[PDB]
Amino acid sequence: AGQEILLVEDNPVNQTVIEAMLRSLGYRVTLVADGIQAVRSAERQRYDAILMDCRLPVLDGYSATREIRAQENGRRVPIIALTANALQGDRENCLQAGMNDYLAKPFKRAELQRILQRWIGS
C-alpha cells in the first residue's frame, strides 16, 4: 500500500500538516507524539524512515534517537530530524544524536518529498 514512515511530532498542528503531506506522497504513516513512543514503535516495527522532531515531551529527540540507534534495526533506519532552531539550540543538542539528515521548519512538501526519496532510495 506504501512505504512506512514513523512521524515523531508533539505539536498538534504539525501532526496534522505533516501527516497530510506524507499521505499525499503515498506513505503509510504511524504518528507518535513523544520520544518514549518513538523508541517503542521502532523496537516493534521496521520503518522505511523516521521523522524525528527535535523537541518532544517525556524523552527528547536526542535521547530517542540514541535509544533507537542502540536497537538491532534502528541501527540502520534513516532518521531525519525536524528542527525549528537549526541555527543554535538544536545544533548543540538534537542534531548531534545520529541523524542521517534534517529538515528545517517551516518546510515545503517538495522538501519533504526530496529528503525522503534521498534516504529511502539511498
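Counting begins at 1, following the sequence as shown.
Of the two segments examined, 80-88 and 31-39, it is 80-88 that shows the higher average Cα temperature factor in the deposited entry. Of the two segments examined, 56-64 and 41-49, it is 41-49 that shows the higher average Cα temperature factor in the deposited entry. Per the deposited record, the Cα B-factor of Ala1 falls in the highest third when ranked against the other modelled residues of its chain. In this PDB entry, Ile115 carries a Cα temperature factor that places it within the middle third of its chain's modelled residues. The PDB entry assigns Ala20 a C-alpha temperature factor belonging to the middle third of its chain's modelled residues.
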